[PDB]
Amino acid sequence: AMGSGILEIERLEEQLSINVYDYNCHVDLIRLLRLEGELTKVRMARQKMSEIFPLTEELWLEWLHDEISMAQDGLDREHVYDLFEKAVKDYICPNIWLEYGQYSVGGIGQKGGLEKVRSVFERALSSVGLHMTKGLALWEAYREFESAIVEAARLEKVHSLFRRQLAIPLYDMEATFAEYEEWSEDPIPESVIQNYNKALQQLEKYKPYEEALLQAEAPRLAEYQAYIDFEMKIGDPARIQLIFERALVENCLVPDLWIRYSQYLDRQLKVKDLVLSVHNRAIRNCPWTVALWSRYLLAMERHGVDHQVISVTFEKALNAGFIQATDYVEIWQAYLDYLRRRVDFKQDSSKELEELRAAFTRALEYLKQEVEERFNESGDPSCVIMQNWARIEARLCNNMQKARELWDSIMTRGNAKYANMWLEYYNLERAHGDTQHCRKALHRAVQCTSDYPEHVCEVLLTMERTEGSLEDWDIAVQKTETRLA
């Protein structure tokens, strides 16, 4: 039908105008914009999708090819580089690295672009150079490049690439050892023979695992978990990054896998940029699991990420949309713990303390409104945000009145039927109130508790026996008697 593309593009653009988080809508919109030839609009649509989602290697590769096969300038070259730089972040991508290398080969002649090629291949190798099946292509392409240059019969570059590859367990390395012997008229030194042979021993070691992947269907999660384990016991940080990544490209929706990888980096070789990177990638691949946002905020805090960045990240976390109210309480509590750990409490007043209190009010209102309106629940039925606030105010801020207010609020939402709650507040008054307030609290407790009144009773008697007048003890015995009768 005539002009159907125009109308369907309008339709999809409007459907995205309401629900921006529609992946298939972006994919469709982009293919139709390509068929109509609206090039700049394809570029924009692609940019918005890539800023919302991780793109697979095929989508990244399509966009890269379109920008490359359309580039007529040196500035276009720098912009293409920028696009590659953005493309490598999402997942492990051997082909993207290959294309980046070869496309960068065009950059020679321009002064600073021999090193540019070597940088691209070097980072390519550092990333996937160990890849059992796809690294070989990168080693080979890098060597083809150095061979096509090899100025003045200076084969130290090609030699080095051979010697670095041969010490590494990838497929058909025997073939590379072959081409090397037939190439280097000099002997292949015993360091290279020894390392080559232990490497071949690493191929034979790993064969059953790789063939487990080959046979398996779908995303092959089980096989990746077995390989993850095996490599994690063998304990090479490089090789466990590699298998975590290889498993993650195929299993990137599995949050617990992100947590395993995240946790290994986060706790064991905590290099800032790498863990912050992997956390960000986790919250882009599985934004529905608040745990990922929590560990990410904890990671940022641990690594001294600037204040404003953490705040903005929290805002993204709020907006991610979780399926349980306990999750909104959870992320709010994470943010508030961060805010509290920001305050010095030994000064009359603070800028940071006021931000903490303000964030508490905001958190409570947000649970009153957004979470209730979307769930018909409070998220914390037992007012834990308020509890933590009262604790802070009483124990750290000398502000006992606010704590009393907050516990008023806590008890009014039906928490007064619970002995545990009464004892939580009592312990607060005992900690930072006075004996009068503890008495009031425990009396009220004796007359409100529904689950375990005898427990509050015995605490009351204990308190008066320890500290109250004989009149006080007598009143206590009467209340408890009348209550438990």
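Numbering starts at 1 and follows the sequence shown.
Which is higher in the entry, the mean Cα B factor of 341-349 or that of 184-192? Result of the comparison: 184-192.
May I ask you to compare 106-114 and 409-417 by their mean CA B factor in the entry and name the higher one? If you average the C-alpha B-factors of 106-114 and of 409-417, the larger mean comes out for 106-114.
Kindly indicate the residue among 283, 83, 150, 383 with the greatest C-alpha B-factor in the PDB record. Result of the comparison over 283, 83, 150, 383: 150.
Among the choices 71, 96, 403, 336, identify the one whose CA B-factor in the record is greatest. Max CA B-factor in the entry, restricted to 71, 96, 403, 336: 71.
Compare the C-alpha B factor of residue 144 with those of the other modelled residues in its chain, then answer lowest, middle or highest third. Highest third.
By its CA B factor, does residue 279 count among the lowest, middle or highest third of the modelled residues in the chain? For residue 279, the deposited C-alpha B-factor lands in the lowest third.
Split the chain's modelled residues into thirds by Cα B-factor; is residue 89 in the lowest, middle or highest one? For residue 89, whose C-alpha B-factor we compare with every modelled residue in the chain, the answer is the lowest third.
Consider only the C-alpha atoms of the modelled residues in this chain, order them by B-factor as the entry records it, and name the third containing residue 24: lowest, middle or highest. Middle third by C-alpha B-factor.
For residue 273, return the chain-relative third of its C-alpha B-factor as stated in the PDB record: lowest, middle or highest. Middle third - that is where residue 273 ends up once the chain's C-alpha B-factors are sorted.
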